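Coordinates from run_32.cif are shown below (mmCIF, C-alpha atoms and all ligand atoms).
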```
data_final
loop_
_atom_site.label_atom_id
_atom_site.label_comp_id
_atom_site.auth_asym_id
_atom_site.auth_seq_id
_atom_site.Cartn_x
_atom_site.Cartn_y
_atom_site.Cartn_z
CA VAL A 536 -0.15 22.82 -0.30
CA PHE A 537 -2.28 22.90 2.85
CA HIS A 538 -4.07 26.05 4.00
CA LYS A 539 -1.95 27.57 6.77
CA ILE A 540 -3.64 28.08 10.17
CA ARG A 541 -2.37 30.60 12.77
CA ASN A 542 -1.10 29.29 16.09
CA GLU A 543 -3.29 31.99 17.67
CA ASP A 544 -6.50 30.49 16.30
CA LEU A 545 -6.07 26.97 17.74
CA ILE A 546 -6.94 26.01 21.30
CA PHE A 547 -5.73 22.61 22.58
CA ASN A 548 -8.12 20.79 24.90
CA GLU A 549 -8.29 17.15 25.95
CA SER A 550 -5.67 14.59 25.07
CA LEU A 551 -6.93 11.63 23.06
CA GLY A 552 -3.56 9.92 23.51
CA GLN A 553 -0.55 9.16 21.33
CA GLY A 554 -0.27 7.59 17.88
CA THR A 555 2.83 6.68 15.90
CA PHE A 556 5.22 9.47 16.91
CA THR A 557 2.19 11.76 17.30
CA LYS A 558 0.26 13.40 20.14
CA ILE A 559 -3.51 13.66 19.54
CA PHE A 560 -5.78 16.36 21.00
CA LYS A 561 -9.31 17.61 20.68
CA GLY A 562 -9.33 21.36 20.08
CA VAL A 563 -11.13 24.45 18.79
CA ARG A 564 -10.25 26.48 15.71
CA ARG A 565 -11.23 30.13 15.41
CA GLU A 566 -11.94 30.80 11.74
CA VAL A 567 -13.49 33.16 9.21
CA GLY A 568 -15.83 30.81 7.36
CA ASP A 569 -18.11 31.17 4.37
CA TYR A 570 -19.64 34.64 3.98
CA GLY A 571 -17.03 36.15 6.33
CA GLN A 572 -18.88 34.56 9.28
CA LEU A 573 -16.77 33.91 12.40
CA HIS A 574 -16.78 30.31 13.61
CA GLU A 575 -15.36 28.35 16.47
CA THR A 576 -15.02 24.82 15.14
CA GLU A 577 -14.37 21.54 16.96
CA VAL A 578 -11.13 20.05 15.53
CA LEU A 579 -8.75 17.10 15.85
CA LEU A 580 -5.12 18.17 16.24
CA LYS A 581 -2.32 15.77 15.38
CA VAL A 582 0.98 16.98 16.77
CA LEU A 583 4.44 16.06 15.47
CA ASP A 584 7.72 17.17 17.07
CA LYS A 585 9.73 19.58 14.87
CA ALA A 586 12.92 17.81 16.04
CA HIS A 587 11.85 14.64 14.15
CA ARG A 588 12.24 16.23 10.74
CA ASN A 589 12.09 13.02 8.66
CA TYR A 590 8.98 11.81 10.43
CA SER A 591 6.93 15.01 10.03
CA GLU A 592 8.04 15.54 6.42
CA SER A 593 6.79 12.03 5.70
CA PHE A 594 3.63 12.50 7.83
CA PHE A 595 2.67 15.83 6.23
CA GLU A 596 3.54 14.75 2.69
CA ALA A 597 1.32 11.69 2.98
CA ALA A 598 -1.55 13.73 4.51
CA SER A 599 -1.20 16.24 1.65
CA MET A 600 -1.07 13.73 -1.21
CA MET A 601 -4.32 12.16 0.01
CA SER A 602 -5.99 15.51 0.76
CA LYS A 603 -5.52 16.41 -2.93
CA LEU A 604 -8.07 13.63 -3.53
CA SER A 605 -11.42 14.79 -2.16
CA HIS A 606 -13.80 11.90 -1.40
CA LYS A 607 -16.82 11.32 0.86
CA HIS A 608 -14.99 8.42 2.63
CA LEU A 609 -11.62 10.13 3.10
CA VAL A 610 -11.11 12.29 6.21
CA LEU A 611 -11.07 16.07 5.73
CA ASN A 612 -7.95 17.97 6.70
CA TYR A 613 -8.61 21.69 7.18
CA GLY A 614 -4.93 22.60 7.09
CA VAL A 615 -1.66 22.76 8.99
CA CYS A 616 0.02 24.90 11.65
CA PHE A 617 3.84 24.96 11.57
CA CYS A 618 4.23 28.39 13.17
CA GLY A 619 4.56 27.21 16.75
CA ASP A 620 6.58 24.86 18.90
CA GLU A 621 5.25 21.93 16.85
CA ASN A 622 3.92 20.70 13.53
CA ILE A 623 0.14 20.27 13.65
CA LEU A 624 -2.34 18.72 11.24
CA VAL A 625 -5.78 20.24 11.77
CA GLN A 626 -8.44 17.67 10.88
CA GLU A 627 -12.24 17.30 11.13
CA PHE A 628 -13.35 15.94 14.48
CA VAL A 629 -15.32 12.72 13.92
CA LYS A 630 -18.15 12.48 16.41
CA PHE A 631 -18.10 8.73 17.15
CA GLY A 632 -14.33 8.22 16.93
CA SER A 633 -12.49 5.04 16.01
CA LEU A 634 -14.14 1.90 14.66
CA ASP A 635 -12.06 -0.44 16.84
CA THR A 636 -13.33 1.17 20.09
CA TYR A 637 -16.87 1.28 18.72
CA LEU A 638 -16.78 -2.42 17.77
CA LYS A 639 -15.70 -3.26 21.32
CA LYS A 640 -18.25 -0.94 23.04
CA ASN A 641 -21.17 -2.10 20.86
CA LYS A 642 -20.12 -5.71 20.12
CA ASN A 643 -23.43 -7.11 21.39
CA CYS A 644 -25.48 -4.95 18.98
CA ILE A 645 -23.47 -4.96 15.75
CA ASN A 646 -24.80 -7.46 13.18
CA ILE A 647 -23.69 -8.62 9.72
CA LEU A 648 -25.59 -6.01 7.68
CA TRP A 649 -23.82 -3.28 9.66
CA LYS A 650 -20.47 -5.06 9.12
CA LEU A 651 -21.13 -5.43 5.37
CA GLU A 652 -22.05 -1.73 4.97
CA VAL A 653 -18.86 -0.62 6.69
CA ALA A 654 -16.73 -3.10 4.71
CA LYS A 655 -18.40 -1.89 1.46
CA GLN A 656 -17.67 1.77 2.30
CA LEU A 657 -14.05 0.99 3.16
CA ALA A 658 -13.76 -1.01 -0.08
CA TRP A 659 -15.08 1.95 -2.10
CA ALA A 660 -12.52 4.26 -0.52
CA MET A 661 -9.76 1.80 -1.30
CA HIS A 662 -11.04 1.41 -4.87
CA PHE A 663 -10.73 5.17 -5.29
CA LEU A 664 -7.15 5.18 -3.96
CA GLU A 665 -6.27 2.18 -6.14
CA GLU A 666 -7.57 4.06 -9.23
CA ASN A 667 -5.43 6.98 -8.16
CA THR A 668 -2.45 4.66 -7.55
CA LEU A 669 -2.10 6.07 -4.02
CA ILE A 670 -0.87 3.68 -1.34
CA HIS A 671 -2.35 4.37 2.11
CA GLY A 672 -0.06 2.08 4.15
CA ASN A 673 -1.92 2.16 7.48
CA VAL A 674 -5.42 0.66 6.97
CA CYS A 675 -6.74 -0.72 10.27
CA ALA A 676 -9.96 -0.41 12.25
CA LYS A 677 -8.33 2.25 14.48
CA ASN A 678 -8.04 4.38 11.36
CA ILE A 679 -11.65 4.01 10.37
CA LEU A 680 -13.63 6.91 11.84
CA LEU A 681 -17.42 6.69 12.40
CA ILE A 682 -19.08 9.85 11.09
CA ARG A 683 -22.67 8.61 11.70
CA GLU A 684 -24.18 5.68 13.66
CA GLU A 685 -26.68 3.30 12.18
CA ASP A 686 -30.29 4.32 12.58
CA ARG A 687 -32.69 1.41 12.04
CA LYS A 688 -35.67 3.66 12.93
CA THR A 689 -34.98 5.67 9.76
CA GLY A 690 -33.09 3.32 7.45
CA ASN A 691 -29.68 5.06 7.69
CA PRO A 692 -26.66 2.78 7.58
CA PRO A 693 -23.57 3.90 9.49
CA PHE A 694 -21.09 6.10 7.57
CA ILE A 695 -17.28 5.99 7.82
CA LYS A 696 -14.14 7.71 6.66
CA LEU A 697 -10.58 6.50 6.40
CA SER A 698 -8.06 8.66 8.24
CA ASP A 699 -4.80 10.05 6.91
CA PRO A 700 -1.86 7.72 6.21
CA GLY A 701 0.66 8.81 8.89
CA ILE A 702 4.45 8.32 8.54
CA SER A 703 5.39 5.95 5.70
CA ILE A 704 6.41 2.36 6.49
CA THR A 705 9.52 3.24 4.42
CA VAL A 706 10.72 5.63 7.15
CA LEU A 707 9.39 3.98 10.34
CA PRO A 708 11.80 1.96 12.49
CA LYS A 709 11.79 -1.83 11.97
CA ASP A 710 10.55 -2.22 15.56
CA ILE A 711 7.29 -0.29 14.89
CA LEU A 712 6.81 -2.30 11.66
CA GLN A 713 7.01 -5.62 13.49
CA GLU A 714 4.58 -4.34 16.12
CA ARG A 715 2.06 -3.70 13.31
CA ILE A 716 2.10 -7.31 12.14
CA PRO A 717 -0.40 -8.54 10.84
CA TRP A 718 -1.55 -5.26 9.19
CA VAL A 719 1.86 -4.70 7.63
CA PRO A 720 2.09 -7.41 4.98
CA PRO A 721 4.89 -10.02 5.00
CA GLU A 722 6.63 -8.53 1.95
CA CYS A 723 6.98 -5.18 3.76
CA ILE A 724 8.42 -6.88 6.84
CA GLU A 725 11.24 -8.44 4.73
CA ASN A 726 11.80 -5.14 2.90
CA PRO A 727 9.64 -2.02 3.51
CA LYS A 728 10.65 -0.90 0.01
CA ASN A 729 8.28 -3.70 -1.17
CA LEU A 730 5.51 -1.21 -0.37
CA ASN A 731 2.98 -1.42 -3.17
CA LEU A 732 -0.76 -1.05 -3.87
CA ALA A 733 -0.90 -4.77 -2.98
CA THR A 734 0.03 -3.76 0.62
CA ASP A 735 -3.36 -2.18 1.22
CA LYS A 736 -5.16 -5.28 0.03
CA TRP A 737 -3.52 -7.32 2.79
CA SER A 738 -4.21 -4.70 5.47
CA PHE A 739 -7.79 -4.48 4.24
CA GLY A 740 -8.07 -8.19 5.02
CA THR A 741 -6.72 -7.68 8.53
CA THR A 742 -9.18 -4.80 9.00
CA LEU A 743 -12.10 -7.07 7.97
CA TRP A 744 -10.90 -9.56 10.57
CA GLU A 745 -11.07 -6.80 13.16
CA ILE A 746 -14.48 -5.72 11.93
CA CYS A 747 -15.75 -9.28 12.57
CA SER A 748 -13.89 -9.76 15.90
CA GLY A 749 -15.59 -7.22 18.18
CA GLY A 750 -12.56 -5.01 18.69
CA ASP A 751 -10.08 -7.87 19.27
CA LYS A 752 -6.66 -7.25 17.74
CA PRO A 753 -5.29 -10.15 15.70
CA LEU A 754 -2.16 -11.78 17.17
CA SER A 755 -2.18 -9.44 20.21
CA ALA A 756 -1.15 -12.45 22.37
CA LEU A 757 2.10 -12.77 20.34
CA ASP A 758 5.23 -10.71 21.04
CA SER A 759 7.22 -9.10 18.20
CA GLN A 760 9.51 -12.10 17.73
CA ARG A 761 6.58 -14.51 17.50
CA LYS A 762 4.72 -12.18 15.10
CA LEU A 763 7.81 -12.26 12.80
CA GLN A 764 7.90 -16.06 13.07
CA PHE A 765 4.14 -16.19 12.24
CA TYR A 766 4.91 -14.66 8.81
CA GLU A 767 8.13 -16.70 8.42
CA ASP A 768 5.99 -19.87 8.84
CA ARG A 769 3.30 -18.45 6.53
CA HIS A 770 0.38 -18.69 8.96
CA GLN A 771 -3.02 -17.10 8.38
CA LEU A 772 -5.40 -15.55 10.98
CA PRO A 773 -8.11 -17.74 12.54
CA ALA A 774 -11.58 -17.40 11.04
CA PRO A 775 -13.70 -15.12 13.25
CA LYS A 776 -16.61 -16.78 15.11
CA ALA A 777 -18.74 -14.63 12.80
CA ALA A 778 -17.32 -16.37 9.71
CA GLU A 779 -19.22 -14.58 6.93
CA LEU A 780 -16.11 -12.73 5.63
CA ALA A 781 -13.57 -15.45 6.45
CA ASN A 782 -12.98 -16.41 2.79
CA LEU A 783 -12.58 -12.74 1.75
CA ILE A 784 -10.16 -12.16 4.63
CA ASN A 785 -7.99 -15.12 3.48
CA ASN A 786 -8.20 -14.13 -0.18
CA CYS A 787 -7.06 -10.62 0.69
CA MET A 788 -4.32 -11.77 3.05
CA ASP A 789 -2.49 -13.75 0.36
CA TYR A 790 1.25 -14.19 0.89
CA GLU A 791 1.63 -13.65 -2.87
CA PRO A 792 1.06 -9.87 -3.44
CA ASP A 793 0.25 -10.47 -7.15
CA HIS A 794 -2.68 -12.76 -6.30
CA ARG A 795 -4.52 -10.36 -4.02
CA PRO A 796 -7.81 -9.29 -5.63
CA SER A 797 -8.60 -5.79 -6.94
CA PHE A 798 -10.89 -3.61 -4.90
CA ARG A 799 -13.51 -3.79 -7.71
CA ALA A 800 -13.47 -7.58 -7.26
CA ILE A 801 -13.60 -7.15 -3.47
CA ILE A 802 -16.68 -4.92 -3.84
CA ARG A 803 -18.44 -7.45 -6.12
CA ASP A 804 -17.69 -10.20 -3.59
CA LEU A 805 -19.09 -8.06 -0.75
CA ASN A 806 -22.21 -7.19 -2.77
CA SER A 807 -22.80 -10.86 -3.48
CA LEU A 808 -22.82 -11.80 0.22
CA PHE A 809 -26.38 -10.46 0.55
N1 LIG A 901 -10.39 12.64 13.10
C1 LIG A 901 -10.68 12.16 14.34
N2 LIG A 901 -11.81 12.45 15.03
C2 LIG A 901 -12.04 11.97 16.28
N3 LIG A 901 -11.17 11.16 16.92
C3 LIG A 901 -9.98 10.82 16.33
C4 LIG A 901 -9.67 11.29 14.98
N4 LIG A 901 -8.46 10.80 14.63
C5 LIG A 901 -8.01 10.05 15.66
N5 LIG A 901 -8.92 10.07 16.65
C6 LIG A 901 -8.75 9.41 17.96
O1 LIG A 901 -7.45 9.75 18.44
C7 LIG A 901 -6.89 8.64 19.14
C8 LIG A 901 -5.54 8.27 18.52
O2 LIG A 901 -5.66 7.98 17.14
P1 LIG A 901 -4.45 7.26 16.35
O3 LIG A 901 -3.91 6.24 17.32
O4 LIG A 901 -4.92 6.81 14.99
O5 LIG A 901 -3.36 8.41 16.17
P2 LIG A 901 -2.50 8.51 14.82
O6 LIG A 901 -1.57 9.71 14.97
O7 LIG A 901 -3.40 8.56 13.61
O8 LIG A 901 -1.64 7.16 14.80
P3 LIG A 901 -1.50 6.06 13.63
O9 LIG A 901 -0.65 6.62 12.52
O10 LIG A 901 -0.84 4.93 14.39
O11 LIG A 901 -2.95 5.77 13.26
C9 LIG A 901 -7.93 7.52 19.06
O12 LIG A 901 -8.75 7.59 20.26
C10 LIG A 901 -8.80 7.89 17.89
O13 LIG A 901 -10.14 7.45 18.07
MG MG A 902 -4.52 6.79 13.04
#
```

So that I can check it, write out the structure of this file as structure tokens.
Ligand SMILES: Nc1ncnc2c1ncn2[C@@H]1O[C@H](COP(=O)(O)OP(=O)(O)OP(=O)(O)O)[C@@H](O)[C@H]1O
Ligand SMILES: [Mg+2]
Amino acid sequence: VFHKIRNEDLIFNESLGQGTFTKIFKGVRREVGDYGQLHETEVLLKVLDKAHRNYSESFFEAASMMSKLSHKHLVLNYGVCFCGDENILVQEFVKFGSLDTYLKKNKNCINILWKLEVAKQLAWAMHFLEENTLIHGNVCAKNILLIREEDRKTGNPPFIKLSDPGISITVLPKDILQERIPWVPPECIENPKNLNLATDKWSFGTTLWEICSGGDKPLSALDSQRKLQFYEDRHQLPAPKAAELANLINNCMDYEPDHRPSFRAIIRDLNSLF
């Protein structure tokens, strides 16, 4: 169970927008830290409506199951606040935000070594979840958070974490599912109960495509009906102009779930591309 945080000790500041049936805010948590020292900590607050009981139960279950698995590349959740008007997940605030924005804002500067490092780190996170047989369900660049920028001056590669899973694709409306083509794999579009570890392999592929496409979203030009038809006709994504990961993207995004490679194999492939 999550550590419970008092309503009183959270201040909501700026809106960072809306996610899938969530409102996101930057905030401050008043806390007694190590050594009984009082702290006021920058936090990310994810807000679910109490009235959507099924959605928040799914949201908070998923967040909890993953938070039981501490890892350097998985986002830290400090706890929850349910004593209020709403249900709130209190999470670490990640200084450089989402990868998808960052890729767009710094497209001109990001090169292949940076891309490789970030792909490697995501692959290691996904390896860890695979070993723990925990399905994330919502891997996309948006949900990669940049803890630390690259510093060439000093040799530091960037560092990333993968955010919490959100509401399960088993409980989300069909209409949201179709909107998330091509991250949601074809087998989950025909039946979301086909959700499986193989799901995350497909989405990982889609995320690599984003990582190589400067913040572009695959198939954004296509409406929901045409996205559905794209899977029905078994299309693949175009190779990015930066083609270095094109083969890995296609191998990952295999219409046969059984044939998608393990994350160990994905890591060895990434390592070899040096
Ligand atoms: N831990 C975090 N630190 C800093 N910024 C964050 C964090 N988590 C999310 N954000 C920012 O909040 C905004 C909304 O995030 P997002 O759309 O992922 O919400 P969400 O509730 O996680 O939805 P979904 O389940 O669709 O991912 C984005 O600008 C993103 O960069
Ligand atoms: Mg998210």

Practice task
Could you give me the residues within 10 Å of ligand LIG 901 (chain A), counting only C-alpha atoms and all ligand atoms, as a PyMOL selection string?
Solution key: chain A and resi 550-561+577-583+594+610-612+624-637+672-682+696-703+711+715

Exercise for the section: Check the smallest atom-to-atom distance from each of A:573, A:754, A:542, A:801 to residue 782 (chain A) using only C-alpha atoms, then report the winner. Expected result: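 Residue with the minimum atom-to-atom distance to residue 782 (chain A): A:801.
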
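The space between CA of residue 546 (chain A) and atom MG of ligand MG 902 (chain A) spans 21.1 Å.
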
Fill in the blank from the handout: The distance between CA of residue 575 (chain A) and CA of residue 608 (chain A) is 24.3 Å

Handout entry: Two-atom distance - CA of residue 729 (chain A), CA of residue 657 (chain A) (Å)
Key =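 Distance between the two atoms: 23.2 Å.
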
Exercise for the section: Could you give me, as a list in words, the residues within 8 Å of residue 724 (chain A), counting all atoms listed in the file and dropping anything in the same chain fewer than 2 positions from it? Expected result: residues 709, 712, 713, 719, 720, 721, 722, 726 and 727 of chain A

Handout entry: Among the residues A:655, A:565, A:538, A:640, the one that comes closest to residue 807 (chain A) [using only C-alpha atoms]
Key =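 The shortest atom-to-atom distance to residue 807 (chain A) comes from A:655.
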
Problem - Counting all atoms listed in the file, the option among A:746, A:788, A:598, A:730 closest to ligand MG 902 (chain A) - result: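 Under the stated criterion, the closest residue is A:598.
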
Exercise for the section: Choose the residue, out of A:606, A:671, A:683, A:795, that has the smallest atom-to-atom separation from ligand MG 902 (chain A); count all atoms listed in the file. Expected result: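 The answer is A:671, which sits nearest to ligand MG 902 (chain A).
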
Practice task
Counting all atoms listed in the file, write as a list in words all protein and nucleic acid residues lying at most 12 Å from (-22.7, -3.8, -3.8) in the file's frame.
Solution key: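 Result, sorted by chain then residue number: residues 651, 652, 653, 654, 655, 656, 658, 659, 798, 799, 800, 801, 802, 803, 804, 805, 806, 807, 808 and 809 of chain A.
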
Write the residues you've just listed into a file as a CSV table (one decimal), in the frame of the given file, and include C-alpha atoms for each of them.
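For reference, out37.csv as written:
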```csv
chain,number,residue,atom,x,y,z
A,651,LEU,CA,-21.1,-5.4,5.4
A,652,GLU,CA,-22.0,-1.7,5.0
A,653,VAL,CA,-18.9,-0.6,6.7
A,654,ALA,CA,-16.7,-3.1,4.7
A,655,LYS,CA,-18.4,-1.9,1.5
A,656,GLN,CA,-17.7,1.8,2.3
A,658,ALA,CA,-13.8,-1.0,-0.1
A,659,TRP,CA,-15.1,2.0,-2.1
A,798,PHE,CA,-10.9,-3.6,-4.9
A,799,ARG,CA,-13.5,-3.8,-7.7
A,800,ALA,CA,-13.5,-7.6,-7.3
A,801,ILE,CA,-13.6,-7.2,-3.5
A,802,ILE,CA,-16.7,-4.9,-3.8
A,803,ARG,CA,-18.4,-7.4,-6.1
A,804,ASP,CA,-17.7,-10.2,-3.6
A,805,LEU,CA,-19.1,-8.1,-0.8
A,806,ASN,CA,-22.2,-7.2,-2.8
A,807,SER,CA,-22.8,-10.9,-3.5
A,808,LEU,CA,-22.8,-11.8,0.2
A,809,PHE,CA,-26.4,-10.5,0.6
```

Exercise for the section: Pull the neighbourhood of (-5.5, -10.3, 1.9) for me: all residues within 7 Å in file coordinates, counting only C-alpha atoms, as a PyMOL selection string. Expected result: chain A and resi 736-740+784-789+795

Practice task
Find the residues around residue 544 (chain A) up to 9 Å (all atoms listed in the file counted), leave out those fewer than 5 positions away in its own chain, and share them as a list in words.
Solution key: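 Once the adjacent positions are removed, what remains is residues 563, 564, 565 and 566 of chain A.
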
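Nearest residue to residue 662 (chain A) among A:710, A:617, A:609, A:541 is A:609, counting only C-alpha atoms.
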
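With all atoms listed in the file as the atoms that count, the residue of A:756, A:600, A:618, A:723 with the shortest distance to residue 704 (chain A) is A:723.
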
Reconstructed region 600-633 of chain A, atom set N, CA and C atoms, as a tab-separated table (two decimals), in the frame of the given file:
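Saved result, part19.tsv, follows:
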```tsv
chain	number	residue	atom	x	y	z
A	600	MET	N	-0.78	14.52	-0.01
A	600	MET	CA	-1.07	13.73	-1.21
A	600	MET	C	-2.49	13.17	-1.20
A	601	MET	N	-2.96	12.67	-0.05
A	601	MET	CA	-4.32	12.16	0.01
A	601	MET	C	-5.38	13.26	0.05
A	602	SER	N	-5.04	14.40	0.66
A	602	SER	CA	-5.99	15.51	0.76
A	602	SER	C	-6.22	16.18	-0.60
A	603	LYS	N	-5.29	16.01	-1.54
A	603	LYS	CA	-5.52	16.41	-2.93
A	603	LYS	C	-6.62	15.60	-3.59
A	604	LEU	N	-7.08	14.53	-2.95
A	604	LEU	CA	-8.07	13.63	-3.53
A	604	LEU	C	-9.35	13.63	-2.68
A	605	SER	N	-10.19	14.63	-2.92
A	605	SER	CA	-11.42	14.79	-2.16
A	605	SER	C	-12.34	13.58	-2.40
A	606	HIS	N	-12.89	13.03	-1.33
A	606	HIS	CA	-13.80	11.90	-1.40
A	606	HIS	C	-14.63	11.80	-0.16
A	607	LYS	N	-15.91	11.43	-0.30
A	607	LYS	CA	-16.82	11.32	0.86
A	607	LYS	C	-16.35	10.40	2.01
A	608	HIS	N	-15.49	9.42	1.69
A	608	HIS	CA	-14.99	8.42	2.63
A	608	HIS	C	-13.54	8.64	3.01
A	609	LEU	N	-12.94	9.76	2.60
A	609	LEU	CA	-11.62	10.13	3.10
A	609	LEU	C	-11.74	11.33	4.04
A	610	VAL	N	-11.08	11.23	5.20
A	610	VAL	CA	-11.11	12.29	6.21
A	610	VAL	C	-10.72	13.66	5.66
A	611	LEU	N	-11.42	14.70	6.12
A	611	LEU	CA	-11.07	16.07	5.73
A	611	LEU	C	-10.03	16.68	6.66
A	612	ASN	N	-8.96	17.14	6.04
A	612	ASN	CA	-7.95	17.97	6.70
A	612	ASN	C	-8.22	19.43	6.38
A	613	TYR	N	-8.36	20.26	7.40
A	613	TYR	CA	-8.61	21.69	7.18
A	613	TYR	C	-7.31	22.43	6.83
A	614	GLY	N	-6.20	21.97	7.38
A	614	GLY	CA	-4.93	22.60	7.09
A	614	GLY	C	-3.89	22.26	8.13
A	615	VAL	N	-2.78	23.00	8.10
A	615	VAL	CA	-1.66	22.76	8.99
A	615	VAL	C	-1.24	24.02	9.75
A	616	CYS	N	-0.61	23.81	10.90
A	616	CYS	CA	0.02	24.90	11.65
A	616	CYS	C	1.46	24.52	11.99
A	617	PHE	N	2.41	25.18	11.33
A	617	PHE	CA	3.84	24.96	11.57
A	617	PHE	C	4.49	26.12	12.31
A	618	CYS	N	3.75	27.22	12.45
A	618	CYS	CA	4.23	28.39	13.17
A	618	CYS	C	3.89	28.16	14.63
A	619	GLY	N	4.76	27.46	15.34
A	619	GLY	CA	4.56	27.21	16.75
A	619	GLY	C	5.75	26.45	17.26
A	620	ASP	N	5.58	25.78	18.39
A	620	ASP	CA	6.58	24.86	18.90
A	620	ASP	C	6.57	23.56	18.09
A	621	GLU	N	5.43	23.23	17.49
A	621	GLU	CA	5.25	21.93	16.85
A	621	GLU	C	4.65	22.00	15.45
A	622	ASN	N	4.60	20.85	14.80
A	622	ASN	CA	3.92	20.70	13.53
A	622	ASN	C	2.57	20.04	13.76
A	623	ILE	N	1.50	20.72	13.36
A	623	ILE	CA	0.14	20.27	13.65
A	623	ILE	C	-0.68	20.11	12.37
A	624	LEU	N	-1.28	18.93	12.22
A	624	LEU	CA	-2.34	18.72	11.24
A	624	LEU	C	-3.67	19.01	11.91
A	625	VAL	N	-4.45	19.90	11.28
A	625	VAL	CA	-5.78	20.24	11.77
A	625	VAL	C	-6.83	19.51	10.92
A	626	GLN	N	-7.56	18.62	11.57
A	626	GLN	CA	-8.44	17.67	10.88
A	626	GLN	C	-9.88	17.79	11.40
A	627	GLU	N	-10.88	17.38	10.62
A	627	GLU	CA	-12.24	17.30	11.13
A	627	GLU	C	-12.33	16.40	12.37
A	628	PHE	N	-13.14	16.80	13.34
A	628	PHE	CA	-13.35	15.94	14.48
A	628	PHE	C	-14.54	15.03	14.17
A	629	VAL	N	-14.30	13.72	14.24
A	629	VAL	CA	-15.32	12.72	13.92
A	629	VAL	C	-16.05	12.27	15.19
A	630	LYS	N	-17.35	12.50	15.19
A	630	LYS	CA	-18.15	12.48	16.41
A	630	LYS	C	-18.08	11.16	17.17
A	631	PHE	N	-18.06	10.03	16.47
A	631	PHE	CA	-18.10	8.73	17.15
A	631	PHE	C	-16.75	8.02	17.20
A	632	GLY	N	-15.69	8.72	16.82
A	632	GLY	CA	-14.33	8.22	16.93
A	632	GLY	C	-14.03	6.96	16.14
A	633	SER	N	-13.14	6.14	16.71
A	633	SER	CA	-12.49	5.04	16.01
A	633	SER	C	-13.39	3.83	15.95
```
